[PDB]
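Q: Sharing an experimental structure here, sequence included.
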Amino acid sequence: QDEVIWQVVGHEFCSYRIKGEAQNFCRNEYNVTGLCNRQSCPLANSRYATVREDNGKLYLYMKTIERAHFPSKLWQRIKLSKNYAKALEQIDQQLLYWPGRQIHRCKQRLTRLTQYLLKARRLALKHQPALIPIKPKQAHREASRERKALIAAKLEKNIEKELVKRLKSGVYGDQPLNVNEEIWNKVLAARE
Amino acid sequence: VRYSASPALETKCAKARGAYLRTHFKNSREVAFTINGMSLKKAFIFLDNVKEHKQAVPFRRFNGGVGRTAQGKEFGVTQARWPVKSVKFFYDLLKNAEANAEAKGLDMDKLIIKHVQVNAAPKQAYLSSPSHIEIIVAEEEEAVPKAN
Amino acid sequence: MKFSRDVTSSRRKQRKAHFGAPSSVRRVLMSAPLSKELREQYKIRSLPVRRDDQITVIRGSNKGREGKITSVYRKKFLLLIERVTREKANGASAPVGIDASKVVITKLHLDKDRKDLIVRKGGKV
Amino acid sequence: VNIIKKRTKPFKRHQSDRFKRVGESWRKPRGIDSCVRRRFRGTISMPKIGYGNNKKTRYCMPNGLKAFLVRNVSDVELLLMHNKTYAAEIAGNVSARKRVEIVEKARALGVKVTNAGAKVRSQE
Amino acid sequence: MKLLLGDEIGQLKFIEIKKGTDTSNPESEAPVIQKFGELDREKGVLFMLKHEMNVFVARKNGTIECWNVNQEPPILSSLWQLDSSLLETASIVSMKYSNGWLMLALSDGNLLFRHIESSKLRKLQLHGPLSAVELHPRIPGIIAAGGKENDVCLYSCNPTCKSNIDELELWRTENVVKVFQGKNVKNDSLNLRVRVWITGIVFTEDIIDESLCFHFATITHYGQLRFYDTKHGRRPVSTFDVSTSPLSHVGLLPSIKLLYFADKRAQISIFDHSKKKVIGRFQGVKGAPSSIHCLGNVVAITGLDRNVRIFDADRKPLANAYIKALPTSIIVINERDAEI
Amino acid sequence: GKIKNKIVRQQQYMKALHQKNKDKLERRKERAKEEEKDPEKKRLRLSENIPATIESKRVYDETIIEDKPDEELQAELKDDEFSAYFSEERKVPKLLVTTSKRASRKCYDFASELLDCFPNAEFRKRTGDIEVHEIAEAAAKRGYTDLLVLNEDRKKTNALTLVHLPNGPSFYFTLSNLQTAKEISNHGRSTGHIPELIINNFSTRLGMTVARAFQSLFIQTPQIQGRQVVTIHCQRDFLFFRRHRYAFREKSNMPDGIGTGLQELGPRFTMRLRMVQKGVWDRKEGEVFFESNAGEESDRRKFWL
RNA sequence: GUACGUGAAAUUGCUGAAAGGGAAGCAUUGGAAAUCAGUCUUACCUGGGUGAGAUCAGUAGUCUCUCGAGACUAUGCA
RNA sequence: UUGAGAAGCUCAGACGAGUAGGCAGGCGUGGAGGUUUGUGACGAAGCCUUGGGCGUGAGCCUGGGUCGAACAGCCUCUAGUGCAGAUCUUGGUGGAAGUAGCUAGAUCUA
RNA sequence: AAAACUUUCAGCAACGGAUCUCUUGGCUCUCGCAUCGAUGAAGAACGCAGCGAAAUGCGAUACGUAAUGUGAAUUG
């Protein structure tokens, strides 16, 4: 069984395998380490224990060889206490006389899943900027319409049109301080 | 359309464009190089002089087969010609740019040829070389006293 | 899945049949759904479109518009609906073609031929 | 643990800079009378197994992490136990709708992302 | 239709809008604006509770007045000036009418009940910060009050009385005891306490000890719509996260016997309680809605877009208009069309 | 698209294009001949055949203000959040310019150029985990009137949110085409004089709020001697920010004959309004006064500012 | 924009920067200039106070598996 | 002590030119079966780039720009599968050159 | 030595039509069938389309008539 299963899945084809350059990973949800190994394969290991998180609560999942052909009842689940010391002892009691490597890998996953929940709670409290996507179509539309808007704006024509307009209305004092004498003389004769 | 130069915004530029013009590309490249950067009013006189052979267009890059002339001393060289067909096209384009500036309401006493570029149109053993010509005319940018 | 060896699943032959279809076939290719009221009153789900039919545009920019079908353009598989136009450069209104499956028939230009069609396709009136 | 690279310059194909028709990708010189093949003085170097880098630090980025290509949130969750060895790298074809959810998920997992600020802006 | 509106500058506008009117469309018939009232920001309008055909208008300075809209122009039928000794730091957060008593709840928790005909005022102290209070329509002497960090609690004057209570002996401070108080929901998945900030309350028993099991719904500042039941328990019966932005108002739709809620992101939608989901959304409303009133099929939405939007119970835009001034309240006077 | 042959339909198009050019030329030459003989047909054609432009064919909206003064509009502006600037109090604007967390050198260059445009405006580097609402409440007690926050990421400034202390409306913009003074051809060196402000084309009611908010950042007593002008121009919902150094002179274009010679000072950028919030800026829990929808901005003839 | 999807290379024009006693030319090592990656303190431990609530109750129910294992509900928060 | 992809892990020493030729393991391309509860109009493929990274290398990943409708990793199957040369084939394009010269005007100019 | 000129790099504009994507086409295999003509065939020519770029259709009844069927089009 187990050694036949491993040869079929570990070396011919598994739909859960991600082939990386330095290591192979496992897409299985029931893998403690997340790697493709002989010891961490949930399919090839008839007795297997893992820790996974459900809506903020970490559970110990265990399966035995005697439930291998009943997929609905294959994995059993217990609640791990929020107290870390009690959670470690819960894994020790439920995994009693299991190999020390399997208890070791379950306690390692409990630490990483506890840190991730801790980091998830601290991220909620903090105020972080929301990432808003960049839309390639709207950027192209606004860049083109902006170019048309800038050309149609005629900024220099409109700036000098208003600046001369407020010179006529005398928004300054008696005579403005920004105008040369000859220009001011031309303004007075023209406007009157 | 869009020209080769980052100017030709509405600000102060008037554009004139000629595509697939039936003139030699190498001759037009020399005429454009001469009148580039020169005032619009002066350019009309220079093109008028060339038509009457009073002035010569110096051929710098495509100088092969261009004889020595005494009218090129203004530009520092002695290889010059008197192209007419190429000058005629540039006269038509400059008038178009001048008319475009006048319609825009631009100040016509400060217009200079800010950018003029000649590109090779598709070739059509007698495949000649038509020309794409684009001209931008803008006012000479000036400074103003800061505060004193 | 199709099991008849008399019908082709070839995309090459399906596309050639649709785009090379004659006028008497494009009459059936240009069919439209009926409104819920007509559908449960005439006992018919869909009918080929026709001039004078009153339709409501269901999809596209003109979604929600209503009007009679002035003419059906079978060459391009388009409907031309009254008052559903687009302004041109010179201000002349160019009608916009709508696919027949993008409209719904809210009122039928009933004729004896179509009345016979209703009783033929399990309908009633 | 420091990453040592035996070489940083790439191995260019011989005479690849004289012709556009000859690409930069390395090709072994088959010419017998070629000075590059016989490895004279002044001739360019060739890919040898001696240039191979340390096995422990192979595939490692300058920050000490190994790149892991990620296409969705499920990929980034695999690095729960390997966040000190691997960095998430979102694929180039992953849309901005998923890039944001990968980056937020990778934040709680304590996983570095090599291109976390791509195709998005910020709003504090 | 026919609706009345008030603005931040305290002016009252009697809009004569009719079906199909859209001021954005240049071909529409402009509504017949009939404006009156003040033109001062110091006494801008806050609430517009509809007393049958009369209309009660509350202002920022406490000048509560009653208008009669059965005839045009409406006339100030009565006036009342709230003591300024209660408004130095507080403000009116709700103002409702039940059995000849006008309620003037403030932010500090002070409750002011005024009898209409007898002009009798009786104070009532309540709990801490108040953001929403509501009176039971069918049952006299019931208050549902809530606020920031203050869960909803039900105050009852008559314990049962088995049919009703006479208006004169109502709202005594020695007869009101809280017969129900809210219990907060469990901590979130991250072991974070779910914060409590009540923003609106509505009694939903019309759409779902005599007259027990007070079925009501509350909306919170954290975009949560909670349905309560005093009989099931002190915890919400069901909780929905209907928006990310704080919810603004909540109420019932008599036409379809459903519920509507609005948030500060300019989103008003109908929540189907039977299906436990949001069905539809009032499209076309821009800017956060300042107030919403429903009268039969019609529902009037006004907000920060300086517009009045008219919809039916099926979210179809019956009418729309622009009112220049920034509005703070809206009231439907007549659902039927003007020509009728 | 009837013709399936590319060469044939290219020959058919050219023969139809030539015919279209020819017959339009004949009717244009005939019209010119018959309208130069009778100037009447020329002067009514020009007055009738005015070219159409996006501004002329802009969609109709009633939110636009009118030339005539209306009491209701002026009564609303006399007690709003910006009233302390336009009233007889004449409270000088004290600006606080800050950036997003962990800004780069390039954001400082834009900020330094932006501080030149605003005398009496100081910069504070954004430190740690202080939020915009906290900055606003802290800046209000320090005597500040308007808070400007520059958002930058990937070494590029792309947004600008300005809030009006203490509870005034908060406007969120998106900056584009940022261009410091060094990148502008024939630029100038800004002096310490207070620049004048000119604001154009803010016709809609929402334009008044944004124009008043932008006006409220400038000291209302400009130094005439320095003759520096800062321009905010809203064209097609695009707000163009520019600063020049003018000088009146003689030009042959205007009927009066006087024109100014603008020399750009910088910075040069464009702002697109994305959101207006009533009250201090809180992106999650703010009252939306206005929120731009990209779907209905695809109508090139419809504008909100 | 019918010289019409995308629009590579060879090739050409203009503009900018740099270099330039009869070749370029590539390699190795640095300088200079330009330009990038490239990162940060923020968390842990230990309190105390305050309230909060379950996997805590000298607690009561329901559901799914099989006593007790998960999911919830009501109440208390000692 | 958790280090059993036993096809793994681990310890030690020696050694390293290479034509013909022998052998092994890998990179890439079109299509096929399976798989990734795969990627994509919130932008697939392609192309551009003095952006960054990985590999001894073949090559691969990625940012930015452009773009507009499809596409990829893994196991296996398959083949019209990888170019600098063939006075290679087709297409495009250069220097030679505005030259050799051949239509006008006055050897010169057009 | 700066200009010009030359070279290199980059930006923009040309030139060209690679790449990508598809496709009413080809190619291959299998299956069913048996039907030209002196009662004028195959082919060729010349005519008819209101215009049709050709191409298609048709034969002085000329892009067809009769009959049947569908039932409202035709379309540049």
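A: The structure has been received and is ready for your questions. Numbers count the residues shown, from 1 in each chain, chains lettered A, B, ... in the order given.

Q: Mind naming the longest helix for chain F?
A: helix F:6-37 (DSSP state H).

Q: now swap in chain D and tell me
A: Counting residues, the longest helix found in chain D (DSSP H) is helix D:96-108.

Q: quick check, whatever helix or strand comes next after that one touching RNA strand H?
A: Tracing the chain past helix D:96-108, the next element assigned as helix or strand by DSSP states H and E is strand D:120-121. No. With C-beta under 7 Å from any atom of the strand as the criterion, RNA strand H is not reached by strand D:120-121; the gap is at least 7.6 Å. For the C-beta atoms, the positions are set from N, CA and C on the backbone; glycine is no exception.

Q: Just checking: what are the partner strands of strand D:120-121?
A: Strand D:120-121 pairs in its sheet with strand A:132-133 (antiparallel), by DSSP bridges.

Q: Which SSE is immediately downstream of the strand it pairs with?
A: Toward the C-terminus, strand A:132-133 is succeeded by helix A:136-153 as the next helix or strand (DSSP H and E).

Q: which helices and strands does that following helix pack with?
A: On a contact count with 3 or more C-beta pairs under 8 Å, 6 or more residues apart in numbering or on different chains; DSSP states H and E, helix A:136-153 meets strand F:170-179, strand F:228-235, strand F:238-245, strand F:268-278.

Q: quick revisit: next one: the longest helix of chain F to chain centre, how far?
A: When distances are taken as C-alpha atoms, centre = their mean, to the nearest Å, helix F:6-37 is centred 42 Å away from the chain's centroid.

Q: One more: stretch D:38-50?
A: With C-alpha atoms, centre = their mean as the basis, stretch D:38-50 stands 24 Å off its chain's centre.

Q: quick check, it touching RNA strand H?
A: Yes. Using C-beta under 7 Å from any atom of the strand, stretch D:38-50 reaches RNA strand H at D:47, D:48, D:49, D:50.

Q: Give me the contact status of that stretch with RNA strand G.
A: Yes. Residues of stretch D:38-50 contacting RNA strand G under C-beta under 7 Å from any atom of the strand: D:42, D:44, D:45.

Q: which one in chain C is furthest away from the centre?
A: Distance from the centre of chain C peaks at residue C:90, with 30.8 Å (C-alpha atoms, centre = their mean).

Q: Give the helix, strand or coil label for residue B:126.
A: Secondary structure for residue B:126, judged by DSSP: H, G, I helix; E, B strand; the rest coil, is coil.

Q: And for residue E:78?
A: Secondary structure assignment for residue E:78 (three-state DSSP): strand.

Q: Which residue is the nearest non-sequential neighbour of it?
A: Counting by C-beta to C-beta, 6 or more residues apart in numbering or on different chains, the nearest residue to residue E:78 once its immediate chain neighbours are dropped is residue E:66, at 4.5 Å.

Q: Residue B:140 and chain F: what is the separation?
A: Relative to chain F, residue B:140 is positioned 10 Å away (C-beta to the nearest C-beta, to the nearest Å).

Q: contacting residues for that residue?
A: B:110, B:112 (C-beta atoms under 8 Å, 6 or more residues apart in numbering or on different chains).

Q: what are the phi and psi angles of it?
A: Backbone torsions for residue B:140, taken as degrees, to the nearest 10, come to phi -70, psi 120.

Q: same check, this time on residue E:295
A: Note on residue E:295: backbone dihedrals following degrees, to the nearest 10 are phi -150, psi 100.

Q: coming back round to it: check whether the residue farthest from the centre of chain C sits in a helix, strand or coil.
A: Classification of residue C:90 using three-state DSSP returns coil.

Q: From residue F:52, how far out is it?
A: Using C-beta to C-beta, to the nearest Å, residue C:90 is found at 10 Å from residue F:52.

Q: and the lengthiest strand in chain C, what does it pack onto?
A: For chain C, the strand with the greatest residue count under DSSP state E is strand C:78-87. Secondary-structure packing of strand C:78-87 (3+ C-beta pairs under 8 Å, 6+ apart): strand C:54-57, strand C:66-73, strand C:93-98.

Q: Select, out of the ones you listed, the one closest to RNA strand H.
A: strand C:93-98 (20.6 Å; C-beta to the nearest atom of the strand).

Q: can you give me the angle that closest one makes with strand C:66-73?
A: Strand C:93-98 runs at 80 degrees relative to strand C:66-73, counting by axes from the mean of the first three to the mean of the last three C-alpha atoms, to 10 degrees.

Q: Surely residue F:143 touches residue F:94?
A: Yes. Using C-beta atoms under 8 Å, residue F:143 makes contact with residue F:94 at a distance of 5.7 Å.

Q: In space, what's closest to the residue of chain D found nearest chain A - neighbours in sequence excluded?
A: Across chain D, the shortest distance to chain A (C-beta to the nearest C-beta) belongs to residue D:96, at 3.3 Å. Excluding the flanking residues, the one nearest residue D:96 by C-beta to C-beta, 6+ apart is residue A:133, at 3.3 Å.

Q: quick one: the one you found and residue F:149, what's the gap?
A: From residue A:133 to residue F:149 the distance is 21 Å (C-beta to C-beta).
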